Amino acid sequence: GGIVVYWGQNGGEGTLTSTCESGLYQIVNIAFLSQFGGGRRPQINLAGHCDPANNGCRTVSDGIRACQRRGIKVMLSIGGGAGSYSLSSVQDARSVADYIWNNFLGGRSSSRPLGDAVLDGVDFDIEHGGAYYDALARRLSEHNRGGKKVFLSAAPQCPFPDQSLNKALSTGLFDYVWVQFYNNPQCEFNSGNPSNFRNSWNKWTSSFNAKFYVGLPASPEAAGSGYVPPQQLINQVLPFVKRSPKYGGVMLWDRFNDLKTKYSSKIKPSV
């Protein structure tokens, strides 16, 4: 399996290029298109990396390209925990999907926030609402016979169902789902009591036809709870999750914390 990582939300985590050159990752989610929908001006936020004001993040395309030249998928992650975003209608959702297509994917725009690189897909990290993200996914998906060629991923929290992502996920259009098994004590892995996690993984994987990733914090500093020491992950979680044919690997929040702990490097041989 593969390791998925988020990059973009910590200006101290190094470049996207470096992230991809590390060889640690199969997919990088650029976090985030933090503002969109509802008539909002779409905005990316890449923390201290670059100021998206008048597309000051255009150089990210170098990283995107560096990644793609190494066979690494680079997803635009939309939403996140800080931005102001929500969808007002199906038309709005389609409008946002079209905006994303034109500005980040295979469409055309004179003001592409991350430059001319064509991202591989869109990662739905939707933390409030839920309404119309199905329409958004469907509109993006329309390019999977039109295109090219748009992967869809979602980052639901582990408590099932995820109220923000359930509608989107119900479309069955998502290629990848990294379920966040942290900051959610009811479904986090605990060595002494692994059933909560195992039941959660089972339920998620059973509920959607996607490739599933175990979404985890890359450091204990990256989550209030749910961190799994890499050896526990390797010894206790992976033999179980690997039994799922839908098992895709492990997703890590985030590049910064992963760099700190070398978590991915420790689990890479085992994922």
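Residue positions are given as counts along the sequence shown, with the first one as 1.
Undergrad: Between 180-188 and 141-149, which has the higher average C-alpha B-factor in the PDB entry?
TA: Averaged over C-alpha atoms, the B-factors run higher in 141-149.
Undergrad: So, looking at the entry's B-factor column for Cα atoms, which has the higher mean, 237-245 or 34-42?
TA: Looking at the record's C-alpha B-factors, the answer is 237-245.
Undergrad: Highest CA temperature factor in the entry: which of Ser200, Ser77, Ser86, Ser110?
TA: The listed residue with the largest C-alpha B-factor is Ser110.
Undergrad: Which is it among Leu165, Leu114, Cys158, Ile72: the one with the largest CA B-factor in the entry?
TA: Among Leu165, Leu114, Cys158, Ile72, the highest C-alpha B-factor in the entry belongs to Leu114.
Undergrad: Could you say whether, by C-alpha temperature factor, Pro52 belongs to the lowest, middle or highest third of its chain?
TA: According to the entry, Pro52 has a C-alpha B-factor in the chain's highest third.
Undergrad: Is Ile3 in the lowest, middle or highest third of its chain when residues are ranked by C-alpha B-factor?
TA: Bottom third by C-alpha B-factor.
Undergrad: Report the third (lowest, middle or highest) to which the CA temperature factor of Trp101 belongs, ranking only the modelled residues of the same chain.
TA: It falls in the top third of the chain.
Undergrad: Ranking the modelled residues of this chain by C-alpha B-factor as given in the entry, is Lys262 in the lowest, middle or highest third?
TA: Middle third, going by the recorded CA B-factors of the chain.
Undergrad: If you rank every modelled residue in this chain by C-alpha B factor, which third holds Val118: lowest, middle or highest?
TA: Top third by C-alpha B-factor.
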